[PDB]
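S.K.: build me a structure from this.
(chains A, B, C and D)
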Amino acid sequence: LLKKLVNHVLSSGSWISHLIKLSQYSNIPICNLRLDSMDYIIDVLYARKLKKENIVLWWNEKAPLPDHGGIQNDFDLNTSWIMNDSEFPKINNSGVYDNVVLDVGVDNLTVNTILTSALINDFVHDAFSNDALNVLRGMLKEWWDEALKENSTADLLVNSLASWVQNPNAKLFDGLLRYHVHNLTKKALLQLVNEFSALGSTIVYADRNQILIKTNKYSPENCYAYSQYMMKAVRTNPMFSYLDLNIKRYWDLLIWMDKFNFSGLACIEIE
Amino acid sequence: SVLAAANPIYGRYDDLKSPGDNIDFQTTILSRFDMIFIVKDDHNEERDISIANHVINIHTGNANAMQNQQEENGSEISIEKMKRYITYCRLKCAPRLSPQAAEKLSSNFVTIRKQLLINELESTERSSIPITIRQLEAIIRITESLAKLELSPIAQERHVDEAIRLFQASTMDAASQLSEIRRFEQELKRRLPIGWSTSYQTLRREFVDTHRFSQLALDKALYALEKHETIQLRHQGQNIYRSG
Amino acid sequence: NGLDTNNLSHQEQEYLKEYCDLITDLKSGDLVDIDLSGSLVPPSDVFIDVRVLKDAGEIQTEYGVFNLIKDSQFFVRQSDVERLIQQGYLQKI
Amino acid sequence: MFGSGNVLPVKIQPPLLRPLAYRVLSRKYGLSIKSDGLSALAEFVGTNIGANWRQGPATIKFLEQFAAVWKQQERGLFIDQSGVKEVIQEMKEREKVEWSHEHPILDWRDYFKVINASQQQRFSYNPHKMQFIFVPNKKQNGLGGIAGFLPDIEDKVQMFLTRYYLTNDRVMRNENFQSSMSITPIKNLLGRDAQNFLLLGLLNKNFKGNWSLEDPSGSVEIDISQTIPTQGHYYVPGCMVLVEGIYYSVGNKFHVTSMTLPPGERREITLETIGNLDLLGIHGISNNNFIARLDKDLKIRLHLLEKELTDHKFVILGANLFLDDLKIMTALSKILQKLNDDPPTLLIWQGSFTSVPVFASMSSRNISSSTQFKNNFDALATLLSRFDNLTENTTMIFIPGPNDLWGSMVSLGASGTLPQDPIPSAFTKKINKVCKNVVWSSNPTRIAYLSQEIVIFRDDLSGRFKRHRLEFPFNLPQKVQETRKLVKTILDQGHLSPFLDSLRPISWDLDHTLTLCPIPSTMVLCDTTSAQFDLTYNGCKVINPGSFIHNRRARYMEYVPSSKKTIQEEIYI
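M.R.: Residues are numbered from 1 along each chain as shown, chains lettered A, B, ... in the order given. This is the structure:
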């Protein structure tokens, strides 16, 4: 505990300087922003652009439900269905595989899904307001463009938007918004499956991060350049250009049941 | 009392084929029949495995043991006792109808005749399975027989709804067997996306009041998308949800 | 009842209840050595064989303690178990 | 109580009681005696008499009284040791009443009870048997997973038809329809072209989006262009309404001239129609073979002793009190000090105990929202430790609000299932270490105080009623008018919340608690969206405090049941 006390005393200064750097871009007072919860700055910058675009906020402080005109706290089967159902449909294909089974980690899947909403679609009662989602899509495009200039604040916003959407603690937690993002994430994952299948590669497992696919090659020494060509060809695709796909493991001979029951032979790096 | 068994004119009853082609009987003989039970084979795996186990238990002789045990249980009676009970119920009980039962019977008859209007509207040809006044007499006789099971001299309403259930299961089930459909399917698959829902009032105000199609085309094509299982109904039938 | 409430009326329920209080008042006071709700059959057989129909636990009698083990036989007096025959838990001859 | 025995008790045995067992009650009155009941009778005769049990006529008279009492209840043809215990306790109460009759000079705790929505007995109406029938509880039967919160799949079908035939009985019993017109089932209407008919129908919006009326025989579409509604009522989907008008067979529509709710009936009319059934179970419990009957002389004696006890008060706080706010904490401390001046009988505490809904957050460093709830209850117990009179002399009843922990875990503060269960016992154990007698009940709470049946309900009724009210083309202080409209609508339905299942769901197995076919003498609707009020209608008392704070003031009530009078008292915070 004395080690912890000295650690906080000698590490306060970097935290204070990070508050100053956060407040330089966030345009929020240093006392009023919460550093510990990153969703507050997301909510206030978002609501600033909503108020700029002449559209009524659903800013509700002391309840996870939105305002919606005060006619909330009434049960409906529509909002219960779109707010209750949280289920990600995994694509599982059991069996033994002699091809070089590739493990790719998918990062910023939610961000690449919600950022390219104008390309996925290429009176609805359960639909989020379209103009507010155009506002958020343009705002995330601005945040991603500012993140390439090594703004660590904007990097933290683009890494924290995915946790902001899932969080009911935030002021603008709307169930229609979260259901919109979740359904679009399902659509983007199925389109990623179709794009990997269009290059002659059948998947083994699909998830939010881990995706295991089966190629046409037999040995990884003949499969490394083909794997690089495949991942650069799917990075070439317009619907998936902000997707961080990184290879985690090469599997030579694999037995698959699900993610919790697998055995086989693998190598991390090719040598 | 006549109990007849028959196959269709085609080799098996085809759900793809029209019901007029399967039956070359005249409408007179189906008017005389009271239960027109059309039965099919849906090839359900649960039903196939259940019938497989049942016929296996029959052939091995274990069904002899199960029926012999269930007779001593008391839920089944043999041929002789049921035969003598048939004779006693025909020779003792001949029931009438309560006045409150007649309202339900006449109301269900005019309801199923109004449904026969809807059945014979879009096909534009006469149905091979008719519902006439003799079928009302048939449901009357079903109600009186349901009273004659338990030696009840009054056929109450509890027997009436079971008679209505039997008639809907037999005869109403038997009788219920171009650009608008494809244009509706394309417009609705483009209109609402995968995983989102639309109220029926929105479709009524935008697809009937617009006169994009007819209301009958909407009612037929919603069922057509329901049986294709890509677009289903939820929330008491007031929401149309794309399953995807 | 001296020795199903749906079909009766409330006035018939209170009629039956107050008639039950009357017939349990009749055997008290005078006429107490006999029971008015007792068996109308003559006791032409003073001892009978009795078979138990249902399990009703351990019961008492006048000077001894009886068991109601299901499917058991007693060689007992008709008057000792006549009420229990009327309840239907005992049934033989 | 009992007469005084001079000599000390002895432990006499079932031996040597053998001639004094079968002759005195088993032959004279026809009641079989089991071994455990005989042992309990021997123990109690020993404690009553002592050594003179062999030659004492008091033993014979007490056994005759035992057989007589077992003849009025008819709880069984046998004699049970637990049954002997219940008869002995009822005899202690009986001779306490008889001693009060001998010298004019019981206890209120002997008859007062609290019934949750889960503990209430189930009743269902059958017009094929033409009356009520009681259903035994299935909470003990089967696995606790099957029994708890898993109702049968037919009960959703049976719920609204049960409400329909209850409403049909309540409208057939009224003098207006034993006179004006008669009710025709809806299925008979199609075919009768251009004839006037009067209906009772469940009001609904169908799949087409039009208005419809439904009965167990079917449904018909209506239109509301020509309606002249009865002023003073509320109309929401889910109402079962009387509809007078003309059916037309051209488009299968029903043109409504006038619409109204069925008229109400008083409480004693309902109990004489049912035949004085003890619905709450103030005397024993109802079984399958025998149904429990409320005695008339018992009811008169409870009314007399209720009028004797005049100092009993019911202190009701305003609902929606937030345990996390410090000003609410200070105001609660002041009003509990004012209640520490004089402790009441019951202190029913209610409302949304926390301001924010309790949800599964994603801040693991901070204390959780449920941990905040537990700390708030611990602070409440710390404040209650300061006041000895409330924890010694006053029992408290806890009613859940719409925003409490247990129900709004998945509803997230919204409308959820209507029978909201009580606050969990593991989250508030320190309160159980402070209060002498505290009952955590469900959101519909049926408390039986002597001959009085009281229903406690916490719901924002007026906002939902005003939001989904039936709007018409063709259509005196305002708060009083809306108050009478709300109370007349709720009592004319005979239901706490007569909304559709889409508007507010009801758990299927427990709807009889929310069904108000026996109209209570006094119920407390707690509606923060409406102002405070107190009215009587149709032999019922409906009282409402609203929110806890209204312009820097804490509002509470003192309700005496003897003169049936409520004093509204506010405290300037």
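S.K.: and the residue nearest the centre of chain B?
M.R.: residue B:173 (2.8 Å; Cα atoms, centre = their mean).
S.K.: next, the closest residue in space to it that isn't next to it in sequence: secondary structure please.
M.R.: Spatial nearest neighbour of residue B:173, chain neighbours left out: residue B:38 (7.0 Å); criterion: Cβ to Cβ, 6 or more residues apart in numbering or on different chains. (Each C-beta comes from the backbone N, C-alpha and C, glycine too.) The assignment at residue B:38 comes out as coil when based on DSSP: H, G, I helix; E, B strand; the rest coil.
S.K.: and residue D:253, what does it touch?
M.R.: Residue D:253 sits next to D:220, D:221, D:222, D:223, D:247 when contact means Cβ atoms under 8 Å, 6 or more residues apart in numbering or on different chains.
S.K.: so how far is residue A:24 from it?
M.R.: According to Cβ to Cβ, to the nearest Å, residue D:253 and residue A:24 sit 68 Å apart.
S.K.: and what of residue A:271?
M.R.: Distance, residue A:271 to residue A:24, by Cβ to Cβ: 46 Å.
S.K.: who has more neighbours, these two?
M.R.: residue A:24 (11 against 6; other Cβ atoms under 10 Å in any protein chain shown).
S.K.: what's the nearest residue to that one if we skip its chain neighbours?
M.R.: Leaving aside its sequence neighbours, residue A:24 sits nearest to residue A:153 (Cβ to Cβ, 6+ apart; 7.8 Å).
S.K.: now do the same contact list for residue 160.
M.R.: Since no chain was named, I'll use chain A. By Cβ under 8 Å, 6+ apart, the residues touching residue A:160 are A:38, A:39, A:42.
S.K.: chain D, not that one
M.R.: Contacts of residue D:160 by Cβ under 8 Å, 6+ apart are residue D:202.
S.K.: one more: residue B:139?
M.R.: Here residue B:139 is in contact with B:105, B:108, B:109, B:163, B:164, B:167 (Cβ under 8 Å, 6+ apart).
S.K.: which one among these gets closest to chain A?
M.R.: Using Cβ to the nearest Cβ, residue B:164 is the member of the contacts of residue B:139 that lies nearest chain A, at 30.4 Å.
S.K.: report the contact partners of the closest one.
M.R.: Counting by Cβ under 8 Å, 6+ apart, residue B:164 touches B:104, B:108, B:139.
S.K.: tabulate these (a markdown table), appending secondary structure and distance to residue D:24.
M.R.: What follows is the contacts of residue B:164, written out as a markdown table (DSSP: H, G, I helix; E, B strand; the rest coil; distance: Cβ to Cβ, whole Å):
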| residue | secondary structure | distance to residue D:24 |
| --- | --- | --- |
| B:104 | helix | 59 |
| B:108 | helix | 64 |
| B:139 | helix | 64 |
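S.K.: nearest to residue A:193, of those?
M.R.: Taking Cβ to Cβ as the measure, residue A:193 sits nearest to residue B:108 out of these, at 52.0 Å.
S.K.: helix, strand or coil for the spatially closest residue to the closest one that is not a sequence neighbour?
M.R.: What sits nearest to residue B:108 in space, not counting adjacent residues and going by Cβ to Cβ, 6+ apart, is residue B:164, at 5.2 Å. Under the three-state scheme (three-state DSSP), residue B:164 adopts helix.
S.K.: residues touching stretch D:381-393, excluding its own?
M.R.: Contacts of stretch D:381-393 (Cβ under 8 Å, 6+ apart): D:329, D:332-333, D:336-337, D:339-340, D:343, D:347, D:396, D:430-431, D:433-436.
S.K.: which helices and strands sit right next to the helix or strand where residue B:57 lies?
M.R.: Under the criterion of DSSP states H and E, residue B:57 resides in helix B:45-60. Helix B:45-60 sits against helix B:62-73, with contacts defined as 3 or more Cβ pairs under 8 Å, 6 or more residues apart in numbering or on different chains; DSSP states H and E.
S.K.: and the direction of the helix it packs on versus that of helix B:45-60, what angle?
M.R.: Interaxial angle, helix B:62-73 versus helix B:45-60 (axes from the mean of the first three to the mean of the last three Cα atoms, to 10 degrees): 90 degrees.
S.K.: can you show me the CA trace of helix B:62-73 as CSV?
M.R.: The C-alpha atoms that make up helix B:62-73 are tabulated as CSV, following Å, rounded to 0.1, in the frame of the first residue of the first chain:
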residue,chain,number,x,y,z
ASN,B,62,-44.2,-55.2,-27.9
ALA,B,63,-47.4,-53.3,-29.0
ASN,B,64,-49.4,-56.3,-27.9
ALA,B,65,-47.8,-55.8,-24.4
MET,B,66,-48.5,-52.1,-24.4
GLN,B,67,-52.1,-52.4,-25.4
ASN,B,68,-52.6,-55.3,-23.0
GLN,B,69,-51.1,-53.1,-20.2
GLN,B,70,-53.1,-50.0,-21.2
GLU,B,71,-56.4,-52.0,-21.3
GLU,B,72,-55.8,-52.8,-17.6
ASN,B,73,-54.8,-49.2,-17.0
